[PDB]
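Novice: Got a structure for you, written out below as structure tokens; questions coming shortly.
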Amino acid sequence: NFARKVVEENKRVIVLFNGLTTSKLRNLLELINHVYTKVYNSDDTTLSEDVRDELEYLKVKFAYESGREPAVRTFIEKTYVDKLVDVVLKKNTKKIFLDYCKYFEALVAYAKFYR
Amino acid sequence: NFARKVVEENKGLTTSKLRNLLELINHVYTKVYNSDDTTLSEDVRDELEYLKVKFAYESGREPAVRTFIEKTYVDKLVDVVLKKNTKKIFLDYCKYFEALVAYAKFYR
Amino acid sequence: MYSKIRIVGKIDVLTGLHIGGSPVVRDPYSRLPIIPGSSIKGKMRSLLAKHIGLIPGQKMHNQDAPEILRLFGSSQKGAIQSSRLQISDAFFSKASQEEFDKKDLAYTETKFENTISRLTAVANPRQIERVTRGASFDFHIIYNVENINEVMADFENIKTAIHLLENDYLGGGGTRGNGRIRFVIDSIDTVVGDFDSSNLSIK
Amino acid sequence: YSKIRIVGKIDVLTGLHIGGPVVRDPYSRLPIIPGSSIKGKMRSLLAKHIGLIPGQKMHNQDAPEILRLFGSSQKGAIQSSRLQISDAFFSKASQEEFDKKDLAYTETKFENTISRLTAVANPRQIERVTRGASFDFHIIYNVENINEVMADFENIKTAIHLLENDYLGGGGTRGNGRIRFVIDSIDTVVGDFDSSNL
Amino acid sequence: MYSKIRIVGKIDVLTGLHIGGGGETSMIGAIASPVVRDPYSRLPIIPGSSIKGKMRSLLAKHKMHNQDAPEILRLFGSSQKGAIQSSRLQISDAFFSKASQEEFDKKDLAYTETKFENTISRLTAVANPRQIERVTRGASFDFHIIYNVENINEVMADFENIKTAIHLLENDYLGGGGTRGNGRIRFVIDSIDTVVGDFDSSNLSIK
RNA sequence: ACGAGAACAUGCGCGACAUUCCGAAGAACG
RNA sequence: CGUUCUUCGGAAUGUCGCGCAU
């Protein structure tokens, strides 16, 4: 889908997203994995308040990691990850967040695949 | 919260002073971690009272710190933690301070 | 008159309990950790079989002592014995669920570990998911009274197995700290039959 | 088949660091010494005390005493472990001693990391348990050969003597984690084994 | 035989020793340079990290740390990828000795004293006050290090290097600053024994 | 007065063994 | 008074992966 297109567009000779690796993404992907587990536990059509706050914190973490790492900033701007966080936050639905997590999972999967 | 809009609108406030003030929040944060109470602790209350005293002297030390405090309403949020008397609200305030430090780093 | 003695209680994990399946085994409908009943049954059977004694050069689980084969079951050709013990899956208790919802605990922990290879003096990171220490699982076992005369010896063997299991661990990396558990028996009554189990106890 | 319990205390002579920010028991937020940390450190120290063959990549080719005590996974020679080290939790006595004083369970240590060729410091902030905090440790030993119980407890004593003089995790090289062992009672919790001489 | 040689001795500070540590202090006054203090007994301590780092840097003088000399790379350890080496020196925190604590309790001498300094620019001639917490000159710290005997032949050379390093630490400063004269230190040896193994350290000494 | 009638895909079996969150790192500068 | 304000590696690995009754 979109994830395959962006990973193919960002591939370079193998250099992905200006030198992005799984180790650089590991902190954020672990945070997003924590977010997912809380959503998996939740049984409510609407996102909780706590998950909304920590998704805002995930947005803050995206900004911080992008500021520290040029590769993560390139990944965020090319893959629209932060904007998608804002989109799911304003939509406030569990299924949309699960779709966004699926999108990130596809991103990392194809990144490893072309690695 | 609204850290992004304020930090973008206001973009000699140096990251050094922010990091010192963040360290003072860190010290209160360790205390609230040791507290482990839903209600606001009295020792934590003393910690945040001396924190606002330290906010005042900082303002006296550097005008740039004062502009940051008045524009970000950190002192007003401290008043909010007192007028609410909970630990969840304090943890929210600590995150907001951290967000201001992060956004400041990002826009820098 | 068929006699079934229901023994209900709790398993309090004195240390992190990791029954794999590194995700723990979870009940998909509730997505909460459980103790598989086969884990309790296998650990109890192994401990009690070692305590009673292992037939030298043993190969199968139908060669244990007749005490073990009666209570834990036998599938030997011709000599098939029904299993007295029916150890159900132990589900995460509601009380510990509330106590974990307070303090915002996750009901699980991801213990970080490593192994230092002798040749390289290098460490290989490893994450093991464990149930937190506070958790308690409500366990429910059923005893079938095939022989009324053997109930007392069987409950002595059950007590021995439980006592060994408390000083041992439930499934996981026990030798490295995981899996320590403690049984707290809440009730022992005959759900079915005229049997008088009021004089019985396993812990 | 008897089980003998070795319950006692571990008191930190210096700050104890075991990464996970020290690892804490989530239920009570108190720092703990993982049983795996003690087991690994004792096994490594004892295997160093006994000879080591030049190549032990498999981690299972080692002295037969080590394999008998701590367990083995060699295919066709799977030996069950007799030692079962368990997480040392924060002792209630030490908890109340720290609660009476205005003292935190952990501390933060600040270190410079001065890169000598560039003469620039890179500060780091470590959390480590303050000295004087005690963790109650609990071990179970399963006797399998009554003939080898004396040798196995000799090896356990040697390992504990090594560990008491060594560190337990963290920058022990920089001086974090030195501990002392105080064994209280060694009694056979299951079986007819006698533990008077242990 | 994995022999371990324990060295226990005293460290007496000839000048105020300042070793900083971040944190919060109740009723924190104008002073903003508090010396590192052991939380349990509220006494100044020297972190084994400081001693190890100072001795290693002095020995290296005499891009990364791992590129140093093999002797420095063996005593104090290594982390080169693939060629990871264990560390034979394990320096621990030198806590406040009971003898010095009693000597201070006699006369009620303060453990740590606050010193006033300033830096002035000639063009403006305006001073900036500074208050620094320095451990008083009479204090002594009991240090305890462990040398792991992994190679039998190299122990004598390692202890010669440690003795040189101990002399370098004495000659040079520790903690706050040499140009200021803060942190002068002296090392006296109480007992050097091979606590573990068949090794003997009757002739082995670090001074 | 149904190619029909009566007949548990059931019995036994621990997701387990080996595993150090560790290797190095001065709160330092004039 | 200011400076850096944690960073550099390893992130699981090896095995069993159905067997025994009808």
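How things are named: the first chain in the structure tokens is A, the next is B, and so on; residues count from 1 in each chain; ligands count from 1 in the order shown.
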Taking only C-alpha atoms into account, what are the residues of chain D at most 12 Å from chain B, put as a list in words?
Specialist: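 Within 12 Å of chain B on chain D, we get residues 27, 28, 29, 30, 98, 99, 102, 103, 104, 105, 106, 107, 108, 125 and 127 of chain D.
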Novice: Up to 6 Å from chain D, what residues of chain E turn up? Count only C-alpha atoms and give them as a VMD selection string.
Specialist: chain E and resid 1 to 2 21 48 to 49 63 90 to 93
Novice: Among segment 103-146 of chain C, which residues carry a DSSP assignment of strand (DSSP E or B), reported as a PyMOL selection string?
Specialist: chain C and resi 109-117+122-131+136-145
Novice: Can you write just those residues out, C-alpha atoms, as a short mmCIF file (atom, residue, chain, number, x, y, z; two decimals), in the first residue's frame?
Specialist:
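As written to disk, out.cif reads:
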data_model
loop_
_atom_site.label_atom_id
_atom_site.label_comp_id
_atom_site.auth_asym_id
_atom_site.auth_seq_id
_atom_site.Cartn_x
_atom_site.Cartn_y
_atom_site.Cartn_z
CA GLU C 109 6.35 -7.11 33.21
CA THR C 110 9.05 -7.36 30.49
CA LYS C 111 12.13 -8.46 32.41
CA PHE C 112 15.33 -7.51 30.59
CA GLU C 113 18.04 -10.18 30.72
CA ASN C 114 21.23 -11.10 28.90
CA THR C 115 23.65 -14.00 28.48
CA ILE C 116 27.41 -13.32 28.60
CA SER C 117 29.02 -15.79 26.12
CA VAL C 122 29.75 -10.29 25.13
CA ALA C 123 26.12 -9.96 26.21
CA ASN C 124 23.05 -10.94 24.19
CA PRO C 125 19.91 -9.05 25.27
CA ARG C 126 16.71 -10.98 26.01
CA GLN C 127 13.20 -9.82 27.00
CA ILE C 128 11.03 -12.24 28.98
CA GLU C 129 7.44 -11.31 29.70
CA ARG C 130 6.35 -12.24 33.22
CA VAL C 131 3.22 -11.91 35.30
CA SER C 136 -3.20 -14.23 41.97
CA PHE C 137 -4.92 -16.83 39.79
CA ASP C 138 -8.04 -18.61 40.96
CA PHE C 139 -7.37 -22.33 40.58
CA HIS C 140 -9.97 -25.08 40.68
CA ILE C 141 -9.15 -28.80 40.73
CA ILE C 142 -11.60 -31.74 40.83
CA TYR C 143 -10.86 -35.07 42.47
CA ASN C 144 -12.75 -38.18 41.36
CA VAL C 145 -13.29 -40.78 44.09
#
Novice: Contacts of residue 86 of chain B at 6 Å or less, counting only C-alpha atoms (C1' of nucleotides), minus same-chain residues fewer than 3 places along, as a list in words?
Specialist: residues 39, 40 and 89 of chain B
Novice: Identify every residue of chain F that has at least one atom within 6 Å of any atom of chain C, counting only C-alpha atoms (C1' of nucleotides), and report the result as a ChimeraX atom specification.
Specialist: /F:11-12,14-15,19,21-22
Novice: When distances are computed from only C-alpha atoms, which of E:26, E:78, E:67, E:41 shows the smallest separation from chain C?
Specialist: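 Looking only at the distances to chain C, the closest residue turns out to be E:78.
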Novice: Near chain A, which residues of chain B fall within 12 Å when you count only C-alpha atoms, and what do they look like as a list in words?
Specialist: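 Within 12 Å of chain A on chain B, we get residues 1, 2, 3, 4, 88, 89, 91, 92, 93, 94, 95, 96, 97, 98, 99, 100, 101, 102, 103, 104, 105, 106, 107 and 108 of chain B.
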Novice: Restricting it to N, CA, C and O atoms, dump the selection as a compact mmCIF listing (two decimals), in the first residue's frame.
Specialist:
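Listing of part_29.txt after writing:
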# COMPACT_ATOMS: atom_id res chain seq x y z
N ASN B 1 -0.54 19.25 25.46
CA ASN B 1 -1.49 20.35 25.56
C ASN B 1 -1.22 21.40 24.48
O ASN B 1 -1.04 21.07 23.31
N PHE B 2 -1.18 22.67 24.89
CA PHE B 2 -0.92 23.77 23.97
C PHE B 2 0.54 24.21 23.98
O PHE B 2 0.83 25.38 23.69
N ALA B 3 1.47 23.31 24.30
CA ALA B 3 2.88 23.67 24.31
C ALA B 3 3.38 24.03 22.92
O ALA B 3 4.21 24.94 22.77
N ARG B 4 2.88 23.35 21.89
CA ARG B 4 3.36 23.58 20.54
C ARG B 4 3.08 25.01 20.08
O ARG B 4 3.96 25.70 19.57
N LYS B 88 -2.14 12.82 39.57
CA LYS B 88 -2.29 12.73 38.12
C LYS B 88 -2.11 14.09 37.46
O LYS B 88 -1.44 14.21 36.43
N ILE B 89 -2.70 15.13 38.05
CA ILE B 89 -2.53 16.48 37.54
C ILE B 89 -1.08 16.93 37.62
O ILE B 89 -0.58 17.58 36.69
N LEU B 91 1.55 14.98 37.45
CA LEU B 91 2.27 14.26 36.40
C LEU B 91 1.96 14.86 35.03
O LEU B 91 2.84 14.93 34.16
N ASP B 92 0.73 15.34 34.86
CA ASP B 92 0.39 16.03 33.58
C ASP B 92 1.25 17.29 33.47
O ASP B 92 1.81 17.53 32.38
N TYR B 93 1.35 18.06 34.56
CA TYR B 93 2.12 19.33 34.53
C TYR B 93 3.59 19.01 34.23
O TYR B 93 4.22 19.74 33.44
N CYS B 94 4.11 17.95 34.84
CA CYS B 94 5.53 17.59 34.64
C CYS B 94 5.75 17.25 33.16
O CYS B 94 6.76 17.70 32.58
N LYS B 95 4.80 16.52 32.56
CA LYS B 95 4.90 16.19 31.11
C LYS B 95 4.85 17.49 30.29
O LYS B 95 5.61 17.58 29.30
N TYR B 96 3.99 18.43 30.67
CA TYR B 96 3.85 19.69 29.88
C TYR B 96 5.17 20.45 29.93
O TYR B 96 5.60 20.98 28.89
N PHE B 97 5.79 20.50 31.11
CA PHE B 97 7.11 21.17 31.23
C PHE B 97 8.09 20.45 30.31
O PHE B 97 8.84 21.11 29.56
N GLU B 98 8.08 19.11 30.36
CA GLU B 98 8.98 18.31 29.50
C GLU B 98 8.68 18.62 28.03
O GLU B 98 9.63 18.76 27.23
N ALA B 99 7.39 18.75 27.69
CA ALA B 99 6.99 19.02 26.28
C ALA B 99 7.57 20.37 25.84
O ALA B 99 8.05 20.47 24.70
N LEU B 100 7.53 21.36 26.74
CA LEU B 100 8.08 22.69 26.39
C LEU B 100 9.58 22.54 26.12
O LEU B 100 10.06 23.13 25.13
N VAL B 101 10.27 21.76 26.95
CA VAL B 101 11.74 21.53 26.76
C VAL B 101 11.96 20.82 25.41
O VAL B 101 12.89 21.22 24.68
N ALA B 102 11.11 19.84 25.09
CA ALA B 102 11.30 19.05 23.84
C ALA B 102 11.01 19.93 22.63
O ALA B 102 11.85 20.02 21.72
N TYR B 103 9.83 20.56 22.62
CA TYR B 103 9.47 21.44 21.52
C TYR B 103 10.50 22.55 21.33
O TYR B 103 10.81 22.93 20.20
N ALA B 104 11.04 23.07 22.43
CA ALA B 104 12.10 24.07 22.32
C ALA B 104 13.32 23.49 21.61
O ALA B 104 13.94 24.15 20.77
N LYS B 105 13.67 22.24 21.94
CA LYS B 105 14.77 21.58 21.25
C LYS B 105 14.44 21.33 19.78
O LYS B 105 15.30 21.46 18.91
N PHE B 106 13.19 20.96 19.49
CA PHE B 106 12.79 20.63 18.12
C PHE B 106 12.81 21.86 17.23
O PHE B 106 13.34 21.82 16.11
N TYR B 107 12.25 22.98 17.70
CA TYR B 107 12.22 24.20 16.91
C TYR B 107 13.57 24.91 16.89
O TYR B 107 13.73 25.88 16.14
N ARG B 108 14.53 24.47 17.70
CA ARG B 108 15.86 25.05 17.69
C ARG B 108 16.76 24.34 16.69
O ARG B 108 16.38 23.32 16.11
Novice: Using only C-alpha atoms (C1' of nucleotides), determine which residues of chain F fall within 12 Å of chain D; present them as a PyMOL selection string.
Specialist: chain F and resi 16-29
Novice: One number please: atom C1' of residue 18 of chain G to atom CA of residue 76 of chain D, in Å, one decimal.
Specialist: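 Spanning atom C1' of residue 18 of chain G to atom CA of residue 76 of chain D is a straight-line distance of 18.9 Å.
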Novice: Taking only C-alpha atoms into account, find every residue of chain E that has an atom no more than 9 Å from chain B, and write it out as a list in words.
Specialist: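 Only these qualify: residues 23, 24 and 27 of chain E.
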Novice: Given a cut-off of 12 Å, which residues of chain G touch chain B, counting only C-alpha atoms (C1' of nucleotides), written out as a PyMOL selection string?
Specialist: chain G and resi 2-5
Novice: Taking a cut-off of 12 Å and counting only C-alpha atoms (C1' of nucleotides), can you build a table that, for each residue of chain G near chain D, reports the nearest atom pair and how far apart they are in Å (one decimal), sorted by chain then residue number, as CSV?
Specialist:
residue,atom,partner,partner_atom,distance
G:3,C1',D:120,CA,8.5
G:4,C1',D:122,CA,5.7
G:5,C1',D:123,CA,5.6
G:6,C1',D:124,CA,4.3
G:7,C1',D:122,CA,7.8
G:8,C1',D:113,CA,11.8
G:13,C1',D:58,CA,9.9
G:14,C1',D:58,CA,8.0
G:15,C1',D:75,CA,7.2
G:16,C1',D:75,CA,9.9
Novice: Report as a list in words the set of chain E residues whose atoms approach chain G to within 9 Å, with distances computed over only C-alpha atoms (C1' of nucleotides).
Specialist: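 In the required form, that comes to residues 79, 80, 81, 119 and 128 of chain E.
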Novice: For chain C against chain D, with a cut-off of 6 Å and counting only C-alpha atoms, what is the closest atom pair and its distance in Å to one decimal for every residue that makes the cut, ordered by chain and number, as CSV?
Specialist:
residue,atom,partner,partner_atom,distance
C:51,CA,D:1,CA,5.4
C:112,CA,D:20,CA,5.7
C:118,CA,D:57,CA,5.9
C:119,CA,D:57,CA,5.4
C:134,CA,D:27,CA,5.9
C:175,CA,D:84,CA,4.0
C:176,CA,D:36,CA,4.2
C:177,CA,D:86,CA,3.9
Novice: Those selected residues, please, written with N, CA, C and O atoms and delivered as a compact mmCIF listing (two decimals), in the first residue's frame.
Specialist:
# COMPACT_ATOMS: atom_id res chain seq x y z
N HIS C 51 9.53 -37.61 44.04
CA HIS C 51 9.48 -37.84 45.48
C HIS C 51 9.16 -39.30 45.80
O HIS C 51 9.82 -39.91 46.64
N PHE C 112 14.18 -7.56 31.48
CA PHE C 112 15.33 -7.51 30.59
C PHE C 112 16.45 -8.36 31.16
O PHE C 112 16.82 -8.21 32.33
N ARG C 118 30.90 -17.06 27.05
CA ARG C 118 32.24 -17.13 27.68
C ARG C 118 33.33 -16.70 26.70
O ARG C 118 34.23 -15.93 27.12
N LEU C 119 33.27 -17.16 25.44
CA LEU C 119 34.38 -16.85 24.50
C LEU C 119 34.51 -15.34 24.19
O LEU C 119 35.66 -14.85 24.20
N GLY C 134 2.25 -9.35 42.26
CA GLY C 134 1.04 -9.23 43.06
C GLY C 134 -0.07 -10.15 42.61
O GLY C 134 -0.99 -10.46 43.38
N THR C 175 14.90 -21.86 37.66
CA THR C 175 16.20 -21.84 38.30
C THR C 175 16.81 -20.45 38.34
O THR C 175 17.81 -20.24 39.03
N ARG C 176 16.25 -19.49 37.60
CA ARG C 176 16.76 -18.14 37.55
C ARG C 176 15.85 -17.12 38.24
O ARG C 176 16.09 -15.92 38.12
N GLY C 177 14.81 -17.57 38.94
CA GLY C 177 13.98 -16.71 39.77
C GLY C 177 12.51 -16.74 39.44
O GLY C 177 11.67 -16.55 40.32
Novice: For atom CA of residue 75 of chain A and atom CA of residue 17 of chain A, quote the distance in Å rounded to one decimal.
Specialist: 5.5 Å
Novice: Kindly indicate which residue among A:11, A:38, A:69, A:30 lies nearest to residue 104 of chain A, using only C-alpha atoms for the distances.
Specialist: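 Counting only C-alpha atoms, the residue closest to residue 104 of chain A is A:30.
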Novice: Contacts between chain C and chain E, please, where a residue of chain E counts if it comes within 8 Å (with only C-alpha atoms); show its shortest atom pair and distance in Å to one decimal, rows by chain and ascending number, as JSON lines.
Specialist:
{"residue": "E:82", "atom": "CA", "partner": "C:120", "partner_atom": "CA", "distance": 6.3}
{"residue": "E:83", "atom": "CA", "partner": "C:120", "partner_atom": "CA", "distance": 6.9}
{"residue": "E:84", "atom": "CA", "partner": "C:121", "partner_atom": "CA", "distance": 5.9}
{"residue": "E:85", "atom": "CA", "partner": "C:121", "partner_atom": "CA", "distance": 7.0}
{"residue": "E:86", "atom": "CA", "partner": "C:121", "partner_atom": "CA", "distance": 7.6}
Novice: Take the residues just selected and output them with N, CA, C and O atoms as an mmCIF file, in the first residue's frame.
Specialist:
data_model
loop_
_atom_site.group_PDB
_atom_site.id
_atom_site.type_symbol
_atom_site.label_atom_id
_atom_site.label_comp_id
_atom_site.auth_asym_id
_atom_site.auth_seq_id
_atom_site.Cartn_x
_atom_site.Cartn_y
_atom_site.Cartn_z
ATOM 1 N N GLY E 82 34.147 -7.408 19.695
ATOM 2 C CA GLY E 82 34.834 -8.654 19.428
ATOM 3 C C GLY E 82 35.893 -8.964 20.466
ATOM 4 O O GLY E 82 35.867 -10.031 21.087
ATOM 5 N N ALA E 83 36.828 -8.037 20.667
ATOM 6 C CA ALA E 83 37.905 -8.219 21.637
ATOM 7 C C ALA E 83 37.548 -7.525 22.952
ATOM 8 O O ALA E 83 38.199 -6.577 23.392
ATOM 9 N N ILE E 84 36.491 -8.029 23.583
ATOM 10 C CA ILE E 84 36.036 -7.522 24.873
ATOM 11 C C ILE E 84 36.878 -8.162 25.968
ATOM 12 O O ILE E 84 36.997 -9.390 26.033
ATOM 13 N N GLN E 85 37.456 -7.336 26.830
ATOM 14 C CA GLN E 85 38.330 -7.798 27.897
ATOM 15 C C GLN E 85 37.694 -7.525 29.251
ATOM 16 O O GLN E 85 37.004 -6.518 29.434
ATOM 17 N N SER E 86 37.919 -8.433 30.195
ATOM 18 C CA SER E 86 37.502 -8.189 31.563
ATOM 19 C C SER E 86 38.433 -7.177 32.223
ATOM 20 O O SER E 86 39.543 -6.913 31.752
#
Novice: Please, which residues in chain A fall within 12 Å of chain G when counting only C-alpha atoms (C1' of nucleotides), and what is the closest atom pair and distance in Å to one decimal for each, ordered by chain then residue number, as JSON lines?
Specialist:
{"residue": "A:22", "atom": "CA", "partner": "G:11", "partner_atom": "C1'", "distance": 10.8}
{"residue": "A:23", "atom": "CA", "partner": "G:11", "partner_atom": "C1'", "distance": 9.1}
{"residue": "A:26", "atom": "CA", "partner": "G:11", "partner_atom": "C1'", "distance": 10.0}
Novice: Out of chain B, which residues get alpha helix (DSSP H) from DSSP, as a ChimeraX atom specification?
Specialist: /B:3-9,15-35,42-61,63-72,74-84,87-107
Novice: What residues in chain C have any atom no more than 9 Å from chain A when counting only C-alpha atoms, and can you write them as a VMD selection string?
Specialist: chain C and resid 30 to 32 106
